[PDB]
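Only one chain is included here, represented as structure tokens and corresponding to the form deposited without the ligand.
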């Protein structure tokens, strides 16, 4: 029966951070190059998911309660030709909001300057994993990457960038993943090749056959 007036909204519902110099410098190169062997994105993203699973396994051996949110350690590949998106879900340790921002937005600067300098010495984009910046190879076939993430010491937040030199961080109000990292790739229009059931099967068998975690394809 009274009149409401929101004096203060609180925390910003979308925080626009800016990549480091080298990081945004590489993301543009990865988008612009005409690299044919661009299937490594699935090797690097899966490999990075395996690293998140090793972490949640490590800390669980001294604390089983860290698996109260998720018992199984899996890697899911979810194609979606409708929204032209290929989702990659791993039930790893995930990231905190502070960790999510920093990992993808700052510390990549180290191996990024090294990877580009290596490219000046005749290195291949295939060798991007050796630098730990293998995540950004996902822009070989994507024009937009969205990362959903949940941790056992924070809430669920979303990471979004189209390599404009900046990325946005917002509290993800949607499907609860429980724990881990959910990398939603918005594929380029000419890269729906990796959205076909058959195509995904070979890349997993050709590259990431060293993974010690079950790779399920929901196609």
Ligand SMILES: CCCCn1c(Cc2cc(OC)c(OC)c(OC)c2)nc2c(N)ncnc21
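Only residues modelled in both forms are compared. Between two forms, the rigid core is the largest collection of C-alphas that superpose within 1.5 Å. Residue numbers count along the first chain shown, from 1.
Same protein, other form: the form solved in complex with the ligand, not shown, and the subject of what follows.
- If you superimpose the site C-alphas and bring the ligand over from its pose in the deposited complex, 3 or more of its atoms are within 2.4 angstroms of a backbone or C-beta atom of this form, and that means blocked.
- Comment: 42-50 is the region of 188-196, 28-36, 63-71, 42-50 lying near the ligand in the deposited complex, near meaning a non-hydrogen atom within 4.5 Å.
- Taking the partner from the other structure, the ligand in the deposited complex has no heavy atom within 4.5 Å of any heavy atom of residue 115.
- Contact annotation for residue 157: none of its heavy atoms lies within 4.5 Å of the ligand in the deposited complex.
- Using a 4.5 angstroms limit between non-hydrogen atoms, residue 147 touches the ligand in the deposited complex.
- Contact annotation: residue 77 falls outside 4.5 Å of the ligand in the deposited complex, judged by heavy atom distances.
- Taking a 4.5 Å heavy atom cutoff to the ligand in the deposited complex, the contacting residues in 85-100 are 90, 93, 94, 95, 100.
- Taking the core as fixed, the only part between the shown form and the other one where three or more residues in a row have CA shifts of 2 Å or more is 102-107.
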